[PDB]
Enquirer: 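Here it is, the structure in full.
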Amino acid sequence: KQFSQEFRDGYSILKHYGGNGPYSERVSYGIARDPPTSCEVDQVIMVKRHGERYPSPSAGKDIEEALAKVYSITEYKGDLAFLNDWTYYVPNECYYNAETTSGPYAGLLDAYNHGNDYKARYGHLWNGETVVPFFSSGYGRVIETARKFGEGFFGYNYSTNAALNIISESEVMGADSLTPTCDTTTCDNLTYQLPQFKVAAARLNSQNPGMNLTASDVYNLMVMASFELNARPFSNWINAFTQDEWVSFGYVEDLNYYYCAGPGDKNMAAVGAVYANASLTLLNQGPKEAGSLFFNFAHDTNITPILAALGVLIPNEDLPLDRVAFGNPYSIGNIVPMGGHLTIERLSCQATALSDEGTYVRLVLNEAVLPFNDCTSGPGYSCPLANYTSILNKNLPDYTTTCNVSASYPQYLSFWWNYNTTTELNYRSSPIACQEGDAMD
Amino acid sequence: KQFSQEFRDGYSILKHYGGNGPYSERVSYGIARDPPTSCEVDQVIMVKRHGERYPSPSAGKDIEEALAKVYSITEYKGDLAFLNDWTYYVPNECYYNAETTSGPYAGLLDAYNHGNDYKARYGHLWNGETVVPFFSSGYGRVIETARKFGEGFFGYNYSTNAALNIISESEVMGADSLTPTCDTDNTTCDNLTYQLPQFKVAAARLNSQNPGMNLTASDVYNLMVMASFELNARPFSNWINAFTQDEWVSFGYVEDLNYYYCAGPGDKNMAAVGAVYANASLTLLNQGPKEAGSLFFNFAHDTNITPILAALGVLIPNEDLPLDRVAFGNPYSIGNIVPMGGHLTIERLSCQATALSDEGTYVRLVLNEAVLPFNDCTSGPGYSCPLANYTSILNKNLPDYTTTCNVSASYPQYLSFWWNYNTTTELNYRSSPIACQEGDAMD
Amino acid sequence: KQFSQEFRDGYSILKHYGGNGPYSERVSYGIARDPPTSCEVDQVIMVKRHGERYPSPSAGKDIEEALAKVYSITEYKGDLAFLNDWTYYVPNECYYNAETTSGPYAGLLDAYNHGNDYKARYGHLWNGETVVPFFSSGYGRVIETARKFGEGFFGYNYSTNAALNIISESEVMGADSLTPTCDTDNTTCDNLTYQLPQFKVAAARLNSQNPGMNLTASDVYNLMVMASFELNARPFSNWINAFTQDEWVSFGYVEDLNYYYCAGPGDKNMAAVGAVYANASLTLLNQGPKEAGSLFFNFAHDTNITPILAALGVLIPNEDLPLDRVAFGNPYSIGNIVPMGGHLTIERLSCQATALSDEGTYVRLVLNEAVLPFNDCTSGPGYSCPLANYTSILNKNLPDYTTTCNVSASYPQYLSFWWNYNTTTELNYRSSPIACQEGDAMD
Amino acid sequence: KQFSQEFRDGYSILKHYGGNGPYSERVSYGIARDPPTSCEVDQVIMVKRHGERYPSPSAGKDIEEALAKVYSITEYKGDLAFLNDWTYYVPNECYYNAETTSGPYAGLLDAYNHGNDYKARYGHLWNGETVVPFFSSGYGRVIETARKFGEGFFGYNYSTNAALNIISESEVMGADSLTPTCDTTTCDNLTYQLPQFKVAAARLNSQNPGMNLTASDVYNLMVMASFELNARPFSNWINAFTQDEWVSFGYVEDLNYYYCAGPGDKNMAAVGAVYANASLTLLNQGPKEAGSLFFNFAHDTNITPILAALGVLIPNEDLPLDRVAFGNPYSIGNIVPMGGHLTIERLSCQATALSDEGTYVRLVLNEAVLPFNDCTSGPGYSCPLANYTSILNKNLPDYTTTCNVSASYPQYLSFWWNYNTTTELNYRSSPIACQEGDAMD
Ligand SMILES: *[C@@H]1O[C@H](CO)[C@@H](O[C@@H]2O[C@H](CO)[C@@H](O[C@@H]3O[C@H](CO[C@H]4O[C@H](CO)[C@@H](O)[C@H](O)[C@@H]4O)[C@@H](O)[C@H](O[C@H]4O[C@H](CO)[C@@H](O)[C@H](O)[C@@H]4O[C@H]4O[C@H](CO)[C@@H](O)[C@H](O)[C@@H]4O[C@H]4O[C@H](CO)[C@@H](O)[C@H](O)[C@@H]4O)[C@@H]3O)[C@H](O)[C@H]2NC(C)=O)[C@H](O)[C@H]1NC(C)=O
Ligand SMILES: *[C@@H]1O[C@H](CO)[C@@H](O[C@@H]2O[C@H](CO)[C@@H](O[C@@H]3O[C@H](CO[C@H]4O[C@H](CO)[C@@H](O)[C@H](O)[C@@H]4O)[C@@H](O)[C@H](O[C@H]4O[C@H](CO)[C@@H](O)[C@H](O)[C@@H]4O)[C@@H]3O)[C@H](O)[C@H]2NC(C)=O)[C@H](O)[C@H]1NC(C)=O
Ligand SMILES: *[C@@H]1O[C@H](CO)[C@@H](O[C@@H]2O[C@H](CO)[C@@H](O[C@@H]3O[C@H](CO[C@H]4O[C@H](CO)[C@@H](O)[C@H](O)[C@@H]4O)[C@@H](O)[C@H](O[C@H]4O[C@H](CO)[C@@H](O)[C@H](O)[C@@H]4O)[C@@H]3O)[C@H](O)[C@H]2NC(C)=O)[C@H](O)[C@H]1NC(C)=O
Ligand SMILES: *[C@@H]1O[C@H](CO)[C@@H](O)[C@H](O)[C@H]1NC(C)=O
Ligand SMILES: *[C@@H]1O[C@H](CO)[C@@H](O)[C@H](O)[C@H]1NC(C)=O
Ligand SMILES: *[C@@H]1O[C@H](CO)[C@@H](O)[C@H](O)[C@H]1NC(C)=O
Ligand SMILES: *[C@@H]1O[C@H](CO)[C@@H](O)[C@H](O)[C@H]1NC(C)=O
Ligand SMILES: *[C@@H]1O[C@H](CO)[C@@H](O)[C@H](O)[C@H]1NC(C)=O
């Protein structure tokens with residue numbers, strides 16, 4: 001038969017852990033991913049989150065405390081029986097914050113694979129002679145992701161024809177940043193708890209008495225289980241919780257993004273307007289003038305403000321804190337999983353039975369075409385560049401004003417137009433610092 | 001590795017043809033389908049649409065006219081090359097309206113498969129002795145679906161322990177119906193164009209590959225209607241391949257608009273029509289399995305299930321669907337609501353106390369094998385709704401049917417067949433040929 | 001990307017339980033299943049095994065004794081924890097031998113599904129007027145499979161245009177049989193141990209997790225027999241999960257040995273038994289569809305299909321299978337030969353000339369949906385065998401049945417039912433209850 | 001339901017093109033891939049073929065000639081319609097022989113992915129402090145594969161703790177080689193033709209008249225289509241041929257291996273005995289003495305002689321040249337596809353209900369456990385080390401004698417015991433030479 005009648009994607013745990021675990025393709029609306037007939041991509045502007053990593057130091061501290069309670073007791077029973085032959089996956093505390101480098105979901109493998117992939121898809125946009133600059137925010141795991149992606153794309157010519165430019169995450173950069181700063185609630189008050197965690201705590205304690213696990217330990221043990229895939233092919237800890245518990249966990253993580261780095265915080269659109277507006281400039285200037293390939297690397301919390309700025313994936317009302325709002329668009333596993341990315345494709349199209357010859361804008365989020373709301377008149381439900389321009393011009397909030405940015409800091413982004421072509425930053429030249437975070441190499 | 005990183009379900013054409021083609025499992029929110037730990041289903045109330053069928057007579061007329069234009073020209077080229085060795089799938093015009101009986105997607109096979117399946121899942125709710133009445137609306141394809149489902153469920157004991165009760169589709173039945181009537185003294189549905197820009201691209205591409213057909217955007221619509229129905233009789237359809245992924249996305253949406261406005265939230269009277277079933281089933285839930293019975297298998301149409309969903313206030317778009325463009329992401333995706341053989345199953349859960357709930361009765365809704373959370377009432381095990389809350393919500397929100405629908409005072413004002421039925425098995429097996437284009441029927 | 005790099009089919013438990021569990025498509029060599037370009041099937045001769053069933057009475061007795069030991073002990077631990085909420089799937093002992101009627105793998109659902117499927121594939125071979133006789137051996141579960149297949153294929157016209165002919169399994173039928181008899185005046189089969197080392201690992205692991213059952217390697221064998229049969233009545237089996245992948249690999253092989261030696265090439269008389277069908281069908285192929293008829297649907301047992309494969313000289317291990325270890329990679333993998341509902345379909349192809357063959361008649365063999373090349377005779381389109389060569393090969397290699405099997409001269413020496421049959425439809429529907437443990441039957 | 005009833009793996013084109021195309025997991029007998037309960041791997045000896053590459057210069061010449069005939073004619077029709085918007089995938093002739101670096105099947109991505117994978121599976125065999133040498137035969141694409149695998153496995157410590165040793169392919173190395181030489185028929189006479197190629201030629205010519213394609217052009221166009229995946233995610237050329245044509249093509253390629261580098265040539269077992277015997281030595285010495293990780297890289301034609309030497313996957317009779325011998329064990333897509341590999345795992349097992357405590361040998365070919373014929377008495381159908389030793393000692397042919405190896409050449413392999421720990425060869429330091437073949441860097 002032609003089509004399968006089973007539809008099981010929704011059950012995947014990959015779509016139920018916020019952005020802690022492995023990358024996954026965003027659920028598609030059914031729109032063909034390749035350029036519509038009569039069109040071709042003439043410019044690409046992408047922002048990819050660092051790949052799969054180890055937990056952060058604070059998350060690791062909490063995971064360790066929960067594991068201490070687990071470990072305070074003879075041979076394990078029930079769903080925790082695997083614990084009799086199991087070792088925590090973080091080599092040592094200095095690895096917290098770093099990209100993973102083992103298993104099918106390794107973060108560096110993610111970046112490399114994505115680069116090789118984009119080479120086939122957009123190779124036609126590089127003549128094999130030009131030196132292409134690529135950009136990374138100044139943070140270890142992000143830089144390492146950028147490096148492996150660039151190496152995947154440029155391959156044999158990575159050393160000579162790709163030029164890594166690292167942009168400081170310091171606020172001093174103002175709007176000339178991949179990680180804009182904004183200074184002057186619900187986010188601070190999140191409990192990270194939902195009733196299903198009580199069921200898990202009760203079930204775990206009952207199978208192996210003596211751990212005194214709370215709903216809070218459950219939350220951290222699930223954070224732990226979701227990060228395990230980033231370093232290993234399978235996680236037995238994932239199996240110690242139920243499908244319904246994972247559904248609640250993913251939602252707890254969705255709330256964090258929504259309120260701390262999304263539409264739940266009204267200043268996020270202004271932060272995301274920096275990239276939204278600067279990229280609009282590149283689209284309007286065109287590939288011949290500005291360049292055809294812009295590969296950017298940053299964090300999950302830098303992509304969500306862009307989506308907010310663009311007005312896409314905006315829940316109709318703020319997400320409720322005490323229950324799962326099923327079906328809302330803010331499903332983080334389809335927005336910013338490890339290695340997630342927003343790719344803006346500029347399409348050069350000839351006339352079609354539904355559109356005039358011209359330039360169109362197409363958005364792709366994690367391999368799935370994301371229609372620009374009601375602007376879907378061009379080929380493949382794209383948006384005519386002129387309409388796209390009026391929409392952003394009319395709706396993007398002002399960054400410096402909204403964010404009280406010092407008049408002495410750069411007021412607009414320049415790196416896409418003012419960059420270096422040297423290749424010294426392409427390869428790492430020093431060990432990964434202990435829990436390395438901010439970095440410029 | 002543990003999980004696949006590819007997510008392709010959204011591309012399936014089965015989710016892009018409204019309710020014309022084969023049945024498909026509804027896209028899941030991830031909630032476990034089986035009863036939560038500490039719970040068990042003690043009562044089941046299901047309403048299933050007839051299985052996969054041939055087009056209706058009017059649709060067939062249109063399909064045939066479009067095919068005449070296709071056929072008005074030497075060996076076919078391009079994507080229509082398969083037409084050189086292809087025959088329309090409707091045996092003859094008398095088959096329009098009937099359930100299909102060939103291929104992996106055959107309508108009767110769907111019903112029988114669904115019955116065998118429910119036997120394993122809910123067999124514990126039948127003691128092997130009781131004679132269980134099951135209900136079908138008075139329409140040929142619906143009756144045939146009911147019969148095959150019942151046979152799948154009761155199996156060796158279908159002729160003795162299942163009792164088919166057929167409920168007339170006539171308005172004279174008032175609320176004692178599986179297909180309540182509502183007078184039309186009150187529009188967007190009548191003005192639907194069934195057109196979107198992508199159809200122009202298809203027409204242009206088809207005409208260019210095989211000149212001389214003069215196919216229009218309308219012919220394309222009907223040719224797509226035809227392609228979607230083909231799967232109902234055959235395992236593969238090459239016609240599906242003659243249109244692009246983007247064309248199918250538009251077609252599915254054109255079909256969603258029909259349901260939305262003709263049989264859904266787009267028509268404000270649909271909630272009242274659906275309140276009949278919603279309220280009557282609420283009565284069975286509150287009465288309980290011991291008193292009322294534990295198994296209620298009902299069979300009707302797609303347009304009988306959508307008003308129930310509207311009545312319950314689930315899958316309600318935030319705003320009426322726009323007619324001129326695809327409103328991507330809206331909940332009204334018909335391939336996940338009423339595909340051929342689609343169904344809404346209400347499970348009553350008897351649960352012991354859990355770390356998050358008291359011992360008690362809970363209500364779970366399952367639409368096409370996917371648990372459908374009752375909006376904000378998700379406090380019970382498996383995101384279910386406490387029976388008491390479920391009761392207040394329906395009592396507070398269900399519109400009045402007879403009032404809203406100006407039902408004659410002389411017609412039944414209440415549904416009774418779930419309590420007043422026959423246990424004879426005389427209607428279990430078909431006893432006459434399928435009439436030409438058989439629609440309304442009582443056998 | 002275009003193709004997946006993961007190849008997991010080999011791990012499926014469906015391919016590791018001999019013929020006890022659900023039907024599965026045979027592993028393909030990659031040859032296209034549909035008729036080659038320039039060809040079409042003009043005649044079909046199929047023999048299908050009864051669908052998924054409950055264990056036999058003797059197997060059930062053994063399963064029950066093993067379960068008694070399991071049950072001789074407080075709440076279950078480890079892999080047997082599910083036993084705290086589990087009930088044996090055989091309703092009562094009178095169900096042993098019967099076709100299953102619940103779950104996605106239900107035996108009757110299998111038959112009905114297969115029929116609907118063949119309707120789309122071979123419908124063109126029935127003009128909608130002719131009354132087609134179909135044949136079943138005289139055994140309850142086989143008859144019930146035949147009936148459901150026929151109903152799936154003929155659908156709306158099953159009661160009028162299909163004619164079930166039931167052929168007695170008695171030896172008195174001689175060669176005019178779907179289940180020929182062969183006297184046993186002549187062993188390895190009788191001495192099979194049904195044991196392999198992995199069963200010791202299972203027993204040890206099970207006893208250690210829940211002490212007090214004293215399960216042996218034999219109990220493990222029967223518990224695995226039980227687990228494999230569970231799928232026949234239910235969608236999932238937790239018992240399957242209590243054994244390792246390596247244990248299942250050994251179990252499947254223990255089952256392969258049974259067929260090999262009791263009903264296969266391991267017994268030199270099986271080719272002669274299978275020659276009856278092989279030769280009679282060759283006659284139909286040579287006679288042609290116009291004269292003999294185009295559709296021959298036959299239903300029998302797994303042990304009736306394996307002798308045919310032996311007679312045809314296909315899937316013959318290079319050496320007899322070793323009894324003490326798994327001979328990995330040998331062609332005698334029963335899950336790819338006779339799983340529940342398994343079938344051998346002979347398609348006669350009428351082909352025009354192709355760049356590699358002359359216009360003519362070719363013979364194609366399909367085993368469980370996979371084209372099975374006739375050894376070195378693969379010169380026709382789609383690796384088929386020219387009818388003339390097929391004829392010489394069978395004529396030259398098929399053993400003589402009556403001689404080899406010492407068949408009384410007073411019994412039919414030739415199969416005739418394909419030419420001498422009834423067209424009445426009286427046997428199409430079951431008219432009495434399924435007898436307790438119903439085996440031989442003529443209705 | 002628990003299991004799918006559809007079994008479609010056999011139809012995959014990945015299993016129907018000899019060793020020209022993308023890597024694929026070998027079809028499994030069902031044996032669990034992980035170490036049996038009571039056992040653990042204490043030593044790994046692997047030989048992996050270079051990853052996906054571009055055709056060789058000679059193959060490329062032929063592909064080009066066939067494409068010239070295709071291109072000798074207005075807009076393309078039928079199955080070749082994609083040709084109206086298609087470009088050959090070899091950048092320029094200097095790329096022939098090289099590893100691919102684009103698409104999901106890129107050869108370097110293959111190596112990197114495999115390394116990350118083995119890190120999770122065998123990481124426990126490296127203490128994070130030791131410098132592990134790894135070996136590659138002296139050939140460009142093989143060296144590049146070795147490098148990316150080593151980088152995947154050692155990750156952050158690749159520069160310091162992995163030491164690439166490159167072994168010359170010159171015959172002068174004698175038995176101290178990953179590519180032993182042997183000098184003094186059916187192989188030379190292979191036609192590379194089967195009737196199905198006539199059907200394709202006839203069908204292609206009929207759809208686009210004027211190309212005058214022969215059964216020979218068809219063969220080369222299929223060689224071309226199979227190599228296309230190595231550089232791109234999809235190949236439309238694959239779709240221009242039928243399933244039955246691909247079945248014949250794969251068999252034509254199987255014949256080549258069988259007769260030119262397999263059991264069809266009686267000297268192949270002697271060539272493979274070098275590795276078979278040397279590795280047996282490592283197994284008998286053990287991990288504590290010899291080392292626990294041996295990652296080797298060579299060619300497809302170096303792995304087939306090892307399998308021949310071991311007596312595994314030996315057809316009961318020589319493959320017929322004029323027809324497909326369906327079901328024979330010599331299915332190259334399950335033996336040596338691009339990046340294929342033979343991994344020997346030494347298992348240290350405690351006593352089980354079926355075996356004594358001890359050392360066992362397990363063979364894994366392309367992720368599938370390959371039982372050692374009738375020696376399957378240990379856990380997971382493994383072979384007791386002692387039995388494995390007697391079998392090889394009793395059956396391996398003599399290399400130097402059989403192959404008339406000069407007494408002045410090394411008579412036994414030494415590199416596994418005599419190697420360097422320097423890391424200079426770890427990273428490429430010069431451009432990829434035009435059609436680079438033999439290389440020592
Ligand atoms: C495989 O790859 C992995 C990843 O690349 C490699 O792992 C990395 O290896 C790095 C070493 O090369 C290791 O770096 C060490 O981390 C230590 C912890 O740092 C954190 O705490 C301190 C103190 O609070 C903070 O200052 C710091 O910012 C962090 O928050 C550091 O302590 C180490 O620093 C010392 O060593 C480096 C040189 O290696 C010096 O440049 C530095 O100045 C320090 O030297 C002092 O300490 C050393 C002894 O460690 C003395 O010998 C030296 O004389 C100095 O001692 C003075 O100060 C100390 C107190 O610190 C005091 O005791 C003494 O009396 C003196 O006053 C160093 O930075 C990475 O963390 C690690 N990354 C990961 C992710 O694990 C791995 O090595 C590779 N494997 C192989 C086999 O190569
Ligand atoms: C396989 O199974 C299929 C499905 O059951 C059978 O097909 C049906 O066969 C019946 C006949 O047995 C067909 O019925 C015939 O319909 C004709 C057309 O009916 C329409 O038009 C009339 C007149 O306007 C209306 O009255 C009617 O409501 C319909 O709108 C009728 O003209 C026929 O009537 C004649 O025959 C009957 C007796 O059979 C007399 O009573 C009449 O007086 C008159 O002389 C007849 O009723 C039916 O349409 C078919 N259904 C389908 C879906 O095709 C096949 O026959 C069966 N195959 C075999 C070999 O048995
Ligand atoms: C759902 O459908 C199932 C399957 O059809 C029905 O179950 C069958 O029901 C029949 C009864 O209708 C059962 O038949 C009974 O079998 C008993 C045991 O038979 C064995 O033992 C006797 C004696 O040694 C042998 O002669 C025989 O060959 C068997 O080996 C018989 O003792 C019964 O006989 C009594 O009743 C009949 C009339 O019904 C009289 O003629 C007799 O003289 C005697 O008084 C009887 O024949 C059958 O075994 C069941 N099959 C299965 C698989 O369980 C269910 O009944 C049906 N459910 C409902 C609610 O209808
Ligand atoms: C948008 O960004 C571009 C590039 O930094 C800048 O030149 C331009 O002034 C910005 N426009 C607005 C309205 O901020
Ligand atoms: C709901 O339906 C039941 C059954 O028909 C009926 O008895 C009851 O009166 C109805 N309730 C309301 C409010 O209409
Ligand atoms: C083969 O079977 C046919 C049909 O029964 C019979 O007529 C014929 O004589 C048989 N041929 C041989 C050699 O037994
Ligand atoms: C035909 O019917 C007669 C009478 O019922 C029966 O005896 C005979 O066995 C039937 N023939 C076949 C081939 O079944
Ligand atoms: C096997 O190889 C080892 C390592 O090179 C060598 O020492 C030994 O002599 C060889 N044995 C035989 C029989 O050739």
Side-chain angles (χ1 to χ4, degrees), chain A residues 45 174-177 180 270 273-285 290 294 309 389-390 392-402 405 410-418, chain B residues 126-132 154-162 425, chain C residues 45 53-54 57 60 90-101 108 140-141 144 174-177 180 272 275-287 292 296 311 391 394-404 407 412-420 430-441:
Chain A
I45 307 168
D176 193 22
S177 177
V274 171
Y275 187 104
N277 174 68
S279 61
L280 177 59
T281 291
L282 288 172
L283 293 162
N284 278 298
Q285 287 177 350
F294 295 82
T389 302
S390 331
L392 275 59
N393 282 343
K394 178 198 177 189
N395 302 292
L396 292 174
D398 186 65
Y399 167 57
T400 58
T401 292
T402 303
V405 173
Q411 304 290 296
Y412 55 83
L413 187 156
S414 297
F415 62 90
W416 283 332
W417 301 270
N418 305 113
Chain B
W126 181 49
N127 64 19
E129 290 312 321
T130 305
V131 172
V132 190
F154 298 96
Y156 292 135
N157 305 128
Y158 174 63
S159 68
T160 55
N161 295 74
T425 60
Chain C
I45 307 167
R53 58 165 177 91
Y54 286 110
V90 183
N92 66 67
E93 55 170 13
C94 284
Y95 275 98
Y96 282 130
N97 273 338
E99 283 291 287
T100 52
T101 50
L108 300 191
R141 58 177 175 256
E144 298 304 321
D176 194 14
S177 170
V276 171
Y277 187 103
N279 175 64
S281 58
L282 175 58
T283 294
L284 288 175
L285 292 162
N286 276 301
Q287 192 167 9
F296 295 84
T391 303
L394 274 57
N395 280 342
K396 181 194 176 194
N397 301 290
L398 293 173
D400 184 65
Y401 167 58
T402 58
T403 294
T404 304
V407 172
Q413 307 287 299
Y414 295 101
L415 185 158
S416 79
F417 59 87
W418 282 331
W419 301 272
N420 306 121
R430 173 171 56 97
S431 57
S432 46
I434 300 295
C436 188
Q437 307 192 337
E438 191 148 48
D440 283 60

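All ligand and atom numbering here is 1-based and tracks the order in the structure. Worth knowing before you read on, the calculation uses all heavy atoms, side chains too, and leaves out hydrogens, waters and symmetry mates. In what follows, chains are A, B, ... by sequence order, proteins preceding strands, each numbered from 1.
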Enquirer: How about atom 11 (C) of ligand 3: does it have a protein heavy atom within less than 4.0 Å?
Expert: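 Neighbour list for atom 11 (C) of ligand 3 is empty of protein heavy atoms (cut-off 4.0 Å).
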
Enquirer: Can you name the atoms of ligand 3, numbered from 1 with element, that are less than 4.0 Å from a heavy atom of B:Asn161?
Expert: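 Near B:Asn161, meaning under 4.0 Å from one of its heavy atoms, ligand 3 has 59 (C), 60 (C), 61 (O).
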
Enquirer: Side-chain contact test, heavy atoms from C-beta onward, threshold under 4.5 Å: evaluate it for C:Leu108 versus B:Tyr156 and give yes or no.
Expert: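 Heavy-atom side-chain distance check passes, below 4.5 Å.
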
Enquirer: I'd like to know if atom 61 (O) of ligand 3 has any protein heavy atom within a distance of less than 4.0 Å.
Expert: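 For atom 61 (O) of ligand 3 the answer is yes, since some protein heavy atom falls inside 4.0 Å.
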
Enquirer: Answer yes or no: is there a donor N or O on one side and an acceptor on the other, between the side chain of C:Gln413 and the main chain of C:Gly174, under 3.5 Å?
Expert: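 Not confirmed, C:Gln413 side chain does not pair with C:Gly174 backbone.
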
Enquirer: State the atoms of ligand 3, each with its element, that fall below the 4.0 Å cut-off from a heavy-atom position in B:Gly128.
Expert: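 Within the 4.0 Å cut-off of B:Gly128, ligand 3 contributes 60 (C).
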
Enquirer: So, the side chain of B:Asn161 versus the backbone of B:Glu129: is there a donor-acceptor pair under 3.5 Å, distance only?
Expert: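 Confirmed, B:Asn161 side chain pairs with B:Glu129 backbone.
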
Enquirer: How long is the span from the CG atom in C:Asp440 to the CD atom in C:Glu438, to the nearest 0.5 Å?
Expert: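 Answer for the CG-CD pair, C:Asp440 versus C:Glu438, is 9.5 Å.
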
Enquirer: Heavy atoms under 4.0 Å from ligand 4: which residues qualify?
Expert: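 Contacts of ligand 4 under 4.0 Å: A:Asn277, A:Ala278, A:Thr281, A:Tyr412, A:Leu413, A:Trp417.
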
Enquirer: Apply side chain to side chain contact (heavy atoms under 4.5 Å, CB included) to C:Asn97 and C:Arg141, showing your working.
Expert: CA-CA 7 Å; C:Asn97 273 338; C:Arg141 58 177 175 256; 2.9 Å; yes

Enquirer: Number the atoms of ligand 3 from 1 as they appear, then name those within less than 4.0 Å of a heavy atom of B:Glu129, with their elements.
Expert: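 With B:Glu129 as reference, the close atoms of ligand 3 come out as 60 (C).
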
Enquirer: Without swapping roles, check the side chain of A:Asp176 against the backbone of A:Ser414 for a donor-acceptor pair under 3.5 Å.
Expert: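 Answer holds: yes.
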
Enquirer: Looking only at heavy atoms, what is the nearest atom pair of A:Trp417 and A:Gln285, with distance?
Expert: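 Result for this residue pair: NE1-OE1, 2.9 Å.
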
Enquirer: Looking at atom 25 (C) of ligand 3, is any protein heavy atom nearer than 4.0 Å to it?
Expert: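 Flag for atom 25 (C) of ligand 3 set to false, no protein heavy atom closer than 4.0 Å.
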
Enquirer: Per the ring-ring contact (aromatic ring centres under 6.0 Å, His included) rule, which among A:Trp416, A:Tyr399, A:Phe415, A:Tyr412 passes with A:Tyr275?
Expert: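 Of A:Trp416, A:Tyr399, A:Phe415, A:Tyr412, ring-ring contact (aromatic ring centres under 6.0 Å, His included) with A:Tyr275 is met by A:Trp416 alone.
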
Enquirer: Output yes when a side-chain donor or acceptor of B:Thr425 lies under 3.5 Å from a complementary backbone atom of B:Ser159, and no otherwise.
Expert: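 Side chain of B:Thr425 to backbone of B:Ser159: a pair is present.
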
Enquirer: So if I count the atoms of ligand 3 from 1 in the order they appear, which ones are less than 4.0 Å from some heavy atom of B:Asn157?
Expert: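 Per the distance check, 1 (C), 2 (O), 3 (C), 55 (C), 57 (C), 58 (N), 59 (C), 61 (O).
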
Enquirer: Look up atom 53 (C) of ligand 3 and tell me if a protein heavy atom lies less than 4.0 Å from it?
Expert: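 Given the 4.0 Å limit, the answer for atom 53 (C) of ligand 3 is yes, a protein heavy atom qualifies.
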
Enquirer: Mind listing the closest non-hydrogen atom pair of A:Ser279 and A:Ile45 along with its distance?
Expert: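 In this case the closest contact between A:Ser279 and A:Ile45 is O-CD1, 3.8 Å.
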
Enquirer: How about atom 38 (C) of ligand 3: does it have a protein heavy atom within less than 4.0 Å?
Expert: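 So far as the 4.0 Å threshold goes, atom 38 (C) of ligand 3 is out of reach of every protein heavy atom.
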
Enquirer: Give me the residue, atom name and distance of the protein heavy atom closest to atom 9 (O) of ligand 3.
Expert: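 Answer for atom 9 (O) of ligand 3: C:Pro433 CB, 4.2 Å.
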
Enquirer: Could you identify the single nearest non-hydrogen protein atom to atom 8 (C) of ligand 3 and state the distance to 0.1 Å?
Expert: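 Atom 8 (C) of ligand 3 sits closest to the protein heavy atom C:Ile434 O, 3.6 Å.
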
Enquirer: Can you check whether a protein heavy atom sits less than 4.0 angstrom from atom 34 (O) of ligand 3?
Expert: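 Under 4.0 Å from atom 34 (O) of ligand 3, zero protein heavy atoms found.
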
Enquirer: Check ligand 3 against C:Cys94 and write out every atom of the ligand that is under 4.0 Å from a heavy-atom position of the residue.
Expert: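 The atoms of ligand 3 under 4.0 Å from a heavy atom of C:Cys94 are 49 (O), 52 (C), 53 (C), 54 (O).
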
Enquirer: To the nearest 0.1 Å, how far is atom 14 (O) of ligand 3 from its closest protein heavy atom, and which atom is that?
Expert: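 That would be C:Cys436 N, 4.9 Å.
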
Enquirer: Atom 46 (C) of ligand 3: protein heavy atom closer than 4.0 Å?
Expert: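 It does not; no protein heavy atom is within 4.0 Å.
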
Enquirer: Inspect the surroundings of CD in C:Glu93 and state if more than 12 heavy atoms from other residues, nucleotides or ligands are less than 6.0 Å away.
Expert: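 Not buried by this count: 12 neighbours or fewer within 6.0 Å.
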
Enquirer: Determine the minimum heavy-atom distance between A:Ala273 and A:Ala309, stating which atoms define it.
Expert: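 Distance-wise, the nearest heavy atoms are N-CB, 3.6 Å.
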
Enquirer: May I ask you to test the C:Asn395-C:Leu282 pair for a side-chain heavy-atom distance under 4.5 Å?
Expert: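 Of all side-chain heavy-atom pairs linking C:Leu282 with C:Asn395, at least one is under 4.5 Å.
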
Enquirer: I'd like to check atom 50 (C) of ligand 3 in this structure: does the protein have a heavy atom lying under 4.0 Å from it?
Expert: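 Neighbour list for atom 50 (C) of ligand 3 includes protein heavy atoms (cut-off 4.0 Å).
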
